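This is work.cif (mmCIF, C-alpha atoms).
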data_protein
#
loop_
_atom_site.label_atom_id
_atom_site.label_comp_id
_atom_site.auth_asym_id
_atom_site.auth_seq_id
_atom_site.Cartn_x
_atom_site.Cartn_y
_atom_site.Cartn_z
CA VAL A 1 0.00 0.00 0.00
CA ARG A 2 0.99 3.68 -0.25
CA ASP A 3 -0.21 7.14 0.68
CA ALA A 4 -0.69 9.13 -2.53
CA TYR A 5 -3.03 11.07 -4.75
CA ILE A 6 -5.45 8.64 -6.39
CA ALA A 7 -5.52 9.14 -10.22
CA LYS A 8 -7.96 9.14 -13.06
CA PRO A 9 -6.84 8.92 -16.72
CA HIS A 10 -4.33 10.02 -17.74
CA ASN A 11 -2.17 10.93 -14.68
CA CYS A 12 -4.68 13.45 -13.30
CA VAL A 13 -5.78 14.04 -9.73
CA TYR A 14 -9.44 14.12 -8.57
CA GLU A 15 -10.07 17.86 -7.95
CA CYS A 16 -11.51 18.73 -4.56
CA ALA A 17 -12.40 21.29 -1.93
CA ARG A 18 -14.09 19.00 0.65
CA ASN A 19 -12.39 16.38 2.84
CA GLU A 20 -15.47 14.13 3.05
CA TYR A 21 -15.68 13.71 -0.73
CA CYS A 22 -12.08 12.51 -0.80
CA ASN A 23 -12.63 10.13 2.14
CA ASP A 24 -15.56 8.58 0.26
CA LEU A 25 -13.69 8.25 -3.07
CA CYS A 26 -10.55 6.91 -1.34
CA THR A 27 -12.26 4.32 0.87
CA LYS A 28 -14.41 3.30 -2.10
CA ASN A 29 -11.15 2.31 -3.81
CA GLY A 30 -9.93 0.41 -0.82
CA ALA A 31 -7.94 2.97 1.10
CA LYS A 32 -8.13 3.48 4.80
CA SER A 33 -9.25 7.06 4.50
CA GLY A 34 -8.49 10.27 2.61
CA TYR A 35 -8.66 14.03 2.57
CA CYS A 36 -8.28 16.97 0.23
CA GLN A 37 -4.71 18.17 -0.21
CA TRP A 38 -3.32 21.17 -1.98
CA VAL A 39 -0.20 20.65 -4.03
CA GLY A 40 1.29 23.53 -5.96
CA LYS A 41 2.35 21.37 -8.96
CA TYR A 42 -1.27 19.95 -9.06
CA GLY A 43 -3.58 22.27 -6.99
CA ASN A 44 -6.13 20.50 -4.78
CA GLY A 45 -6.43 16.72 -5.15
CA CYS A 46 -7.67 13.79 -3.10
CA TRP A 47 -4.89 12.21 -1.09
CA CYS A 48 -5.52 8.63 0.08
CA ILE A 49 -3.94 6.80 3.03
CA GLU A 50 -3.11 3.14 2.63
CA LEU A 51 -4.24 2.95 -1.00
CA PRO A 52 -3.84 -0.55 -2.53
CA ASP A 53 -0.80 -0.99 -4.81
CA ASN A 54 -2.94 -1.80 -7.84
CA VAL A 55 -4.84 1.46 -7.80
CA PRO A 56 -3.35 4.14 -10.16
CA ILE A 57 -1.70 7.18 -8.50
CA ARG A 58 -0.46 10.59 -9.65
CA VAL A 59 3.19 10.48 -10.71
CA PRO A 60 5.21 13.35 -12.13
CA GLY A 61 4.11 14.44 -15.55
CA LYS A 62 1.35 15.94 -17.51
CA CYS A 63 -2.32 15.16 -16.87
CA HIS A 64 -3.97 14.61 -20.30
#

As structure tokens, what does this structure read like?
Amino acid sequence: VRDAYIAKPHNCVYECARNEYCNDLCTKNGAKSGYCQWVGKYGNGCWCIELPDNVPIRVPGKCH
């Protein structure tokens, strides 16, 4: 498992303003929990704790 921003195609974060939305989306994908986290290089995205290894995460690069 890993703590990271969960990703949607192609290498994009799930935009957010509310922590509960991210907790819902993260735990629905098998993570322990999650919250909304600002990142300059990406803005606000959902950050998941204990996300399963097989779930795609944001890595450096361009969202497209």

(message) Expand the PyMOL selection byres ((chain A and resi 36) around 7) into the explicit residue set it covers here, and present it as a PyMOL selection string.
(response) chain A and resi 16-19+22+35+37-38+44-47

(request) Kindly resolve the PyMOL selection byres ((chain A and resi 2) around 8) on the present coordinates and return the residues as a PyMOL selection string. (result) chain A and resi 1+3-4+49-53

(message) Which residues are close to residue 24 of chain A, i.e. within 8 Å by only C-alpha atoms, leaving aside same-chain residues fewer than 4 positions away? Reply as a PyMOL selection string.
(response) chain A and resi 20+28+33-34

Store the residues picked out above, limited to C-alpha atoms, as a compact mmCIF listing (two decimals), in the coordinates of the input.
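Final output, result_27.txt:
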# COMPACT_ATOMS: atom_id res chain seq x y z
CA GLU A 20 -15.47 14.13 3.05
CA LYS A 28 -14.41 3.30 -2.10
CA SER A 33 -9.25 7.06 4.50
CA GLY A 34 -8.49 10.27 2.61

(message) Considering all atoms listed in the file, can you say which of A:31, A:39, A:12, A:25 comes closest to residue 61 of chain A?
(response) A:12

(message) Report, in Å to a single decimal, how far apart atom CA of residue 63 of chain A and atom CA of residue 40 of chain A are.
(response)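 Taking atom CA of residue 40 of chain A and atom CA of residue 63 of chain A, their separation equals 14.2 Å.
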
(request) Counting all atoms listed in the file, figure out which residue out of A:6, A:54, A:41, A:60 gets nearest to residue 27 of chain A. (result)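 Smallest separation from residue 27 of chain A among the options: A:6.
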
Reference answer for the PyMOL selection byres ((chain A and resi 58) around 6), as a compact mmCIF listing (two decimals) with C-alpha atoms, in the frame of the given file:
# COMPACT_ATOMS: atom_id res chain seq x y z
CA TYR A 5 -3.03 11.07 -4.75
CA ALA A 7 -5.52 9.14 -10.22
CA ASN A 11 -2.17 10.93 -14.68
CA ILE A 57 -1.70 7.18 -8.50
CA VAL A 59 3.19 10.48 -10.71

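Taking only C-alpha atoms into account, residue 30 of chain A lies nearest to A:48 out of the set A:10, A:48, A:42, A:64.
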